[PDB]
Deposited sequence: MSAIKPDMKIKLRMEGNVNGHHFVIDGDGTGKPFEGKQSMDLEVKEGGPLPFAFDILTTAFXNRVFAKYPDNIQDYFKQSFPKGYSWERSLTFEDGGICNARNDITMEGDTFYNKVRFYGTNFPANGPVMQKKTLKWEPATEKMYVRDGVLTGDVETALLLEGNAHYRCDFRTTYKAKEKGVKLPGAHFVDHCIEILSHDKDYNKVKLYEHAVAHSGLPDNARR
């Protein structure tokens, strides 16, 4: 396999949320076969961010997902040429985000060209007031729609004061090489956590664990 057990991650995100521009660099490592990755993020422009860092974290690669033998692993089969994804995030208070990542590989390193655009967050809402605590663990439903691998998530951020803030995600995934075979319908469970950060989330250590499964025992 082109994909080694230990891989490096280099990332640049450029984005705009409610008109605030930012550039964030990431450096990390992961274990594709164990579905684990960790990365150090550093805000390079636009800091301190005037919105909840949590809305960005799912944009900071389903190659870091433990896939069993009985499910086609589209993501690992996409290398070395790579793949990209496009995602819409719809929040319950009208906030909308569009994100994309183009993922390439050179030697032992995944390179990520990430774009993140968010609009329509109410100024008095939990995102612009920085009242988010974390993403709850979530399940991504994977299926092919009209020849395109699609992942749906229905989830929520936990807020201060025992409240939840609902978000629906739809991601479409496309391999760069024609003829990478599409998988059957399946689930990917993930957990995403900010392990540590400094005062205004200028530096953030991010961790994610993901496991693909078929639903039953």
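Engineer: Give the ranges of the deposited sequence, numbered from 1, for which the structure holds no C-alpha coordinates, in sequence order.
Structural biologist: Residues missing from the model, as numbered along the full deposited sequence, span 1, 62, 220-224.
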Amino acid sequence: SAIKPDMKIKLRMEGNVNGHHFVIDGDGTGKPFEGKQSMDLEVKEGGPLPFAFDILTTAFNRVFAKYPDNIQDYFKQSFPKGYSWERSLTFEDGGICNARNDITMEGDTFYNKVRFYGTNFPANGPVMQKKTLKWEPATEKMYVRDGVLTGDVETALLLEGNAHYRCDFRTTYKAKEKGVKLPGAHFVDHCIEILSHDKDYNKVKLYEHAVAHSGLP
From here on, numbers count along this sequence of modelled residues.
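Engineer: Look up the CA B-factors in the entry and say which stretch, 140-148 or 125-133, has the higher mean.
Structural biologist: It is 140-148.
Engineer: When the Cα temperature factors in the entry are averaged, is it 29-37 or 174-182 that ends up higher?
Structural biologist: Going by the record's values, the stretch with the higher mean is 174-182.
Engineer: For the listed residues 116, 85, 91, 79, which one has the largest C-alpha B-factor as given in the deposited model?
Structural biologist: The C-alpha B-factor peaks, among 116, 85, 91, 79, at 79.
Engineer: Among the modelled residues of this chain, does the Cα B factor of residue 50 put it in the lowest, middle or highest third?
Structural biologist: Answer is lowest: the recorded C-alpha B-factor places it there.
Engineer: Once the chain's modelled residues are ordered by C-alpha B factor and cut into thirds, is residue 156 in the lowest, middle or highest one?
Structural biologist: Residue 156: CA B-factor falls in the middle third of its chain.
Engineer: For residue 102, does the deposited CA B-factor place it in the lowest, middle or highest third of the chain?
Structural biologist: CA B-factor rank for residue 102: middle third.
Engineer: Sort the modelled residues of this chain by their C-alpha B factor and say whether residue 64 lands in the lowest, middle or highest third.
Structural biologist: CA B-factor rank for residue 64: lowest third.
Engineer: Quick check on the deposited entry: does the C-alpha B-factor of residue 192 sit in the lowest, middle or highest third of its chain?
Structural biologist: Middle third by C-alpha B-factor.
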